[PDB]
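Participant: Residue numbers (the entry's author numbering), protein chains in the order written: chain a, 3 to 246; chain S, 3 to 246; chain T, 3 to 246.
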Amino acid sequence: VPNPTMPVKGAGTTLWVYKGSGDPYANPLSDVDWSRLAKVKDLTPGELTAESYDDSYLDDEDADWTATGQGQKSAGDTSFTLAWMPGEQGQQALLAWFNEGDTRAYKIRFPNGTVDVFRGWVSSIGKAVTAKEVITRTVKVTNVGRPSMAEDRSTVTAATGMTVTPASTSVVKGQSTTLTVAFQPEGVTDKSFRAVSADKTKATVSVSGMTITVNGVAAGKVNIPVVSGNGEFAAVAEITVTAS
Amino acid sequence: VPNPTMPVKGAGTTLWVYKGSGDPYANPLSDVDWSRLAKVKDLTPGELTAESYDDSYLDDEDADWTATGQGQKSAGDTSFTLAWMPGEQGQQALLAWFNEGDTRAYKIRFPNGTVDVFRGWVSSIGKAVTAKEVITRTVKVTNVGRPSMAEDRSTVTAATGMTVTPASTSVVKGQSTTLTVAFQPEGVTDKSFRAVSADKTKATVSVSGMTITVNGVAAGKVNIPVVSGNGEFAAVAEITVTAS
Amino acid sequence: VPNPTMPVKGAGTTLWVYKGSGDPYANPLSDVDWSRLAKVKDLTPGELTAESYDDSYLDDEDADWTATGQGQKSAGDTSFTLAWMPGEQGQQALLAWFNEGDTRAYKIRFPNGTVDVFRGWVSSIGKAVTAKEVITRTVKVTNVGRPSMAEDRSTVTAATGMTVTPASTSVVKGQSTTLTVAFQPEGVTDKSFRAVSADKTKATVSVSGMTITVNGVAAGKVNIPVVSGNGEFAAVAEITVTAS
């Protein structure tokens, strides 16, 4: 199951080239008007840099430390090598792309459900010929303009799905009780929380696995505050610890 | 077995140089008027490139991302190291070719059957003398103009046969008969031939534009053999010559 | 036996410096007025380069691909290291060559009967001092002018020594007959040939070891054309295959 929040191993990443006429940045998740370049030996995506702009004036009080700002960004170059199949359609389109010299759109689909789509023109076409090894074809695409990252299409929800079910009962010395924090604004959520007690002398707190464990170290009535996210929601749980 | 759709191992790649006249890019598959460079230790085909060209103006709203375009292409610098055989015709031809600024065509034949032909001038010539392994001459060629990748020749009908119906009639002195050569295995074919007498004394041959003429210089029976291209197919015909 | 047409192992290559007054390029195969620099630890001959000249004009139709030509060639530098014997005559001549700073002629004799003679001036004189290893002396000679390659003195013959002796008999099924092709214009020759049959249905052809094998796969009268070199000479062989 593709999880865009956990690290992924990077095996299964595919590369596609747009061949239709619409907007490549609009719906990249659809591979209808996209031609696949199979047998990818290796791939190194573009690196988005940004040159530095000097923001220093003569009258600026003190000049011990440099002051700079972000200048003009660049989309870098994307370079990949793949098994050389001269008769396979898609590589012929690649040679046509190089010869025409126009800016086309390409995309990389990761084993995460997320696709990074760039636009650029071919600036290199190589080939490595050696015995005992499949002949490979190497390509470099100089990207132009602003690309569409996979973090652009990532969406978040803040529909206030805060709920808390505490034990609200008695806990005896030597054991721990369980408290649940529901984070389901119709299921989808993107925020974290921290739950701690109020004294750390009568009952101790341990929050893990989305749940809370309250240990009755000492008798008395204790309060466990839970704060969700940046302090938009909270909860107070009352727990009693008996003498026994 | 040779499939340009599946990847190939690259063992058996051969290098040829156009020593004949005419169009080299026309029929690279045929090995007529091509001299083979034997004992190629290693090869590195030249890589196609393209210099960037700035495409921004002061009128352009926004400038945060760079705008560029493809400029001059300049394929070049194919290198190869091959065993040093100074008494082998093909390496003396190489030194002669380097010895003046002549720009010649050379092709690379791949194990999958395709051919990739460049046109350039020799820009470096080197040697590696060291005991206990073979003396290797290393050569570098800088390419000019545009090359002819194997991606362009995506038709290949493979020919596979032809016929030769001769006049098979007496030819008098001072006259020449015409011998018919058909190279139409279902019309489409991208191969040529070559005819050469077995005696060169009784008759002389003239081949041009798929038309062959035999002139009976001396009386007798002349056997005229034709062989096509690399030598996949051949035929033999006869021409009689009478003294009176 | 030295064979200038087969790769050689590079062991036994010697270095000489001309000390006479005649023409070093005239007869390099004679070591009369040449002093040998013995105990050569290693040797790296010069590399003949040639810078590029831009042949681009404004009015030239289209400028998609760069157009260049061979410029001015250079003879490179020859660098070698040898055991350091200050008192050995020949190294004293080397230091005199460095100090005087004039252009002298030197030559390298290979274990192939071929000699590459250059001309240049000493531009480096080194020395490496280390324990457990013979002190070495390193030399670099900057070559001037056009050298005399070993491919310059290699000669070829085209005295038309074409001959063919075919079987001209019957070959029974399941075996093969032999045909001989003589390439001896007084013995010396430098050209190859290709021999193939005319039908590939009655008899099959296999040319190797300078000879031809004709296999009577099917009965009938078959013709085997042989073409020598670039079509200057040819032959036609008639072979009969019986029903048995």
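We put the CB at the ideal spot given by N, CA and C, even for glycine.
With DSSP run on the structure shown, which of helix, strand or coil describes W18(T)?
Facilitator: Of the three classes helix, strand and coil, the one that applies to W18(T) here is strand, per DSSP.
Participant: Would you please verify whether the beta carbon of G103(S) is less than 8 Å from any beta carbon of chain T?
Facilitator: With 8 Å as the cut-off, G103(S) counts as an interface residue toward chain T.
Participant: Go to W99(a), then tell me how far its alpha helix (DSSP H) extends in each direction, as first and last residue.
Facilitator: Where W99(a) is concerned, the enclosing alpha helix (DSSP H) stretches over 93-102.
Participant: What does the alpha-carbon distance come out to for the pair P47(S) and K193(S)?
Facilitator: Whole-angstrom Cα-Cα distance: 26 Å.
Participant: For a test of your reading of the model: does the CB of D64(S) fall under 7 Å from any non-hydrogen atom of the ligand SAH? Yes or no.
Facilitator: Here there are no bound small molecules, and the ligand SAH is not part of this structure.
Participant: What ranges does the beta strand (DSSP E) occupy inside the stretch 101-140 of chain S, keeping only unbroken runs of at least 3 residues that lie completely in it?
Facilitator: The stretch 101-140 of chain S contains these whole beta strand (DSSP E) runs: 106-111, 117-130.
Participant: For a quick check, are the C-beta atoms of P168(T) and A200(T) less than 8 Å apart?
Facilitator: Their beta carbons are not under 8 Å apart, which means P168(T) does not touch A200(T) by this criterion.
Participant: Locate the beta strand (DSSP E) running through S210(S), then write down its first and last residues.
Facilitator: Note, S210(S): beta strand (DSSP E), 206-210.
Participant: Since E49(S) meets chain T, which of its residues come closer than 9 Å, beta carbon to beta carbon?
Facilitator: The premise fails here: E49(S) is roughly 14 Å from chain T at the closest Cβ pair, so nothing lies under 9 Å.
Participant: Mind listing the chain S neighbours of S156(T)? Cutoff is C-beta to C-beta under 7 Å, in chain order.
Facilitator: Per Cβ cutoff of 7 Å: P88, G89, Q94.
Participant: Determine the chain S residues that contact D79(T) at a beta-carbon separation under 8 Å, and present them in chain order.
Facilitator: The contacting residues do not exist; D79(T) stays about 12 Å from chain S at best.
Participant: Let me check understanding here. Comparing Cα to Cα, which of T159(a), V124(a), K175(a), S170(a) lies closest to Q186(a)?
Facilitator: Nearest option by C-alpha distance: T159(a).
Participant: Determine the closest residue to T15(a) out of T144(a), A133(a), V117(a), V198(a), with distance taken between C-alpha atoms.
Facilitator: The option with the nearest alpha carbon to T15(a) is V117(a).
Participant: Using the beta-carbon of each residue, which ones in chain S are nearer than 8 Å to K109(a)?
Facilitator: Going along chain S, no residue has its Cβ under 8 Å from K109(a), so there is no contact; the nearest lies around 18 Å.
Participant: What residue range does the beta strand (DSSP E) around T159(T) cover?
Facilitator: First-last for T159(T): undefined, no H or E at that position.
Participant: What is the DSSP secondary structure of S170(S), reduced to helix, strand or coil?
Facilitator: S170(S) falls in the coil class under three-state DSSP.
Participant: Can you look up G222(T) in the DSSP assignment and give me helix, strand or coil?
Facilitator: Three-state DSSP puts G222(T) in a strand.
Participant: Hey, quick one: how far does the beta strand (DSSP E) through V243(T) stretch, first residue to last?
Facilitator: Counting along the chain, the beta strand (DSSP E) containing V243(T) begins and ends at 235-243.
Participant: Expressed to the nearest angstrom, what Euclidean distance is found between the alpha-carbon atoms of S150(a) and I110(a)?
Facilitator: Rounded to whole angstroms, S150(a) to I110(a) spans 11 Å at the Cα level.
Participant: Would you please state the rounded distance, in angstroms, between the beta carbons of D104(T) and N145(T)? I believe it to be under 8 Å.
Facilitator: Not confirmed; about 14 Å, so no contact.
Participant: Would a check of beta-carbon distances place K142(T) closer than 8 Å to chain S?
Facilitator: No, no contact with chain S.
Participant: Name the residue from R121(S), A239(S), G176(S) whose alpha carbon lies nearest to the alpha carbon of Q72(T).
Facilitator: Nearest of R121(S), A239(S), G176(S) to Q72(T), Cα basis: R121(S).
Participant: Taking just the CA atoms, how far does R139(T) sit from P88(T)?
Facilitator: Distance between the alpha carbons of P88(T) and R139(T) is about 9 Å.
Participant: Anything in the stretch 29-40 of chain a with a Cβ closer than 7 Å to a Cβ of chain S? List those residues in chain order, please.
Facilitator: Those would be none; no residue qualifies.
Participant: Please state the DSSP three-state secondary structure of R196(T).
Facilitator: In this structure, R196(T) counts as strand in the three-state DSSP scheme.
Participant: Start and end of the beta strand (DSSP E) containing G71(T)?
Facilitator: Per DSSP, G71(T) belongs to the beta strand (DSSP E) from 70-76.
Participant: Using a Cβ-Cβ distance under 8 Å, would residue 1(a) count as near chain S?
Facilitator: This structure cannot speak to residue 1(a), because chain a is shown only from 3 to 246.
Participant: Check whether the Cβ of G122(S) lies closer than 8 Å to any Cβ atom in chain a.
Facilitator: So no, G122(S) is outside the interface.
Participant: What residues of chain S sit near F112(T), judged by a beta carbon separation below 8 Å?
Facilitator: Those within 8 Å of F112(T) in chain S are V131, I137.
Participant: Just checking: is the beta-carbon of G71(T) within a distance shorter than 8 Å of some beta-carbon in chain S?
Facilitator: With 8 Å as the cut-off, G71(T) counts as an interface residue toward chain S.
Participant: Note down, in chain order, every chain a residue with its Cβ under 8 Å from the Cβ of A220(S).
Facilitator: Result: empty, since nearest Cβ-Cβ is about 51 Å, beyond 8 Å.
Participant: So is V238(T) in contact with chain S if we call contact Cβ pairs under 8 Å?
Facilitator: Cβ-Cβ to chain S under 8 Å: yes for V238(T).
Participant: Which residue's Cα is closest to the Cα of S76(a): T70(a), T51(a), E63(a)?
Facilitator: For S76(a), the nearest C-alpha among the options comes from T51(a).
Participant: Give me the chain T residues within the contact set of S199(S), using Cβ-Cβ distance strictly less than 8 Å, ordered along the chain.
Facilitator: Ordered by position in chain T, the residues that pass the 8 Å Cβ test against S199(S) are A236.
Participant: Give a yes or no on contact between the stretch 119-134 of chain S and the stretch 58-68 of chain S, applying the rule of three or more CB pairs nearer than 8 Å.
Facilitator: No, the stretch 119-134 of chain S is not in contact with the stretch 58-68 of chain S.
Participant: Contact criterion: CB-CB distance below 8 Å. Does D66(S) meet it with respect to chain a?
Facilitator: Answer yes: the Cβ-Cβ gap between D66(S) and chain a drops below 8 Å somewhere.
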